[PDB]
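Shown here is one chain on its own, the form deposited in one PDB entry, set out as structure tokens.
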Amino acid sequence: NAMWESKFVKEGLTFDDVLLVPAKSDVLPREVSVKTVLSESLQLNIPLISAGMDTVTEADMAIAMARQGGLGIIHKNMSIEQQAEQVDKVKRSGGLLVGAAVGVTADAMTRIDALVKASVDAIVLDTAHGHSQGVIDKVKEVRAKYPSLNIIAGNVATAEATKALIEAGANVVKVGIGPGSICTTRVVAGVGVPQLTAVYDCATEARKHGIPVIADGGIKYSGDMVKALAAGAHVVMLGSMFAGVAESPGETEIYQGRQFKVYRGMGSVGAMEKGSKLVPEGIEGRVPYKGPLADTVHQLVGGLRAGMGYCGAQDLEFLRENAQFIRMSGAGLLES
């Protein structure tokens, strides 16, 4: 019974547990490169992806993101025709990159075919639990039919799950169980891995195969994004930080003379029903209207450039490979 003895051995770190250590630098924030290659046909100018959620990304959001040099994932809480047309809407807007989310269902192959005929640039096969035979089988199935299509699969949190996805044929792994700002998985199911540990463990494995990972969830400030990249992610995915912006879908409601938008987990009661007996693992809330996406992105990327300047990272490869962290106690959060 080795599993009995190992039950409490693992330790995990999240964003707040840690800081990046400054090192010798020859490169100003304005002159560092923030480009990343997820694959030969998916090269991003900035390492940011907007979440495939129904209160985050439709055509308008994905267009704005692609123009900033990033990528948007069109969500799956709409019919096949609606999504294929959302993708097409982005592609016709001047050779912009776009991705699209698909559930591991019977109709997945149908949906994917329409998305591919619409010339999608990457499909996202993500469930709440990526380390499942369902996901593995679907990825194998899609890979066999579409040898050249970019497949992002997730979400996972372990090296073991990362290996299973890579061998099933995914060329990008999305990492994150439990860190979402709208996520209640930790409270409902008692399940999760602190996000910095998950990213580093998954990346350790992925690097062996030259596969990139996406850090998905829990990024609350630009500094967290720099941390997530330095822990080994090629790119980060944001929900909450993008939900307040003009280009995100949803009405801008006014309560108390303050403009707000609705942001909700895809595992919330409302979302789960638009996606048609599980217990909800997400909540529904309001975020402040942030204005146009461009302002949020320039602030994020600016945070990252400053981070890279301190680390002496000329490019993101250096950051992933060489940046060092120092660990602090909870009292170390107050000092900041």
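Definition used throughout: the rigid core is the maximal C-alpha set that superposes within 1.5 Å between two forms. The first residue of the shown sequence is 1; numbering continues from there.
Compared with the other entries of this protein, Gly291 is consistently built, present in every one of those that build its neighbours rather than absent from a third. Across the other compared structures of the same protein with both neighbouring residues present, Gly275 lacks coordinates in at least a third.
According to the record, the deposited sequence contains 10 or more residues between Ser276 and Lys277 that were left without coordinates. If you average the C-alpha B-factors over 104-112 and over 173-181, the higher value belongs to 104-112.
Of the two segments, 137-145 and 256-264, the one listed with the higher mean B-factor is 256-264 (C-alpha atoms only).
Within the selection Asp216, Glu160, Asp201, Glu251, the deposited Cα B-factor values reach their highest point at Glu251. Based on the entry's C-alpha B-factors, the most elevated value among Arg186, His75, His131, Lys117 belongs to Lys117. The deposited CA B-factor of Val269 belongs to the highest third of values across its chain.
When the CA B factors of the chain's modelled residues are split into thirds, the value for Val245 lands in the middle one. Per-chain ranking of the deposited C-alpha B factor places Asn45 in the middle third. The entry lists a Cα temperature factor for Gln86 that places it in the highest third of the chain's modelled residues. Among the modelled residues of its chain, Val156 has a C-alpha B-factor that falls in the lowest third, as given in the PDB entry.
This protein has a second form, the form deposited in another entry, left out of what is shown; the following refers to that one.
Following superposition on the rigid core between this form and the one not shown, the residue from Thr197, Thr158, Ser222, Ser181 with a C-alpha displacement of 2 angstroms or more is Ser181, and no other.
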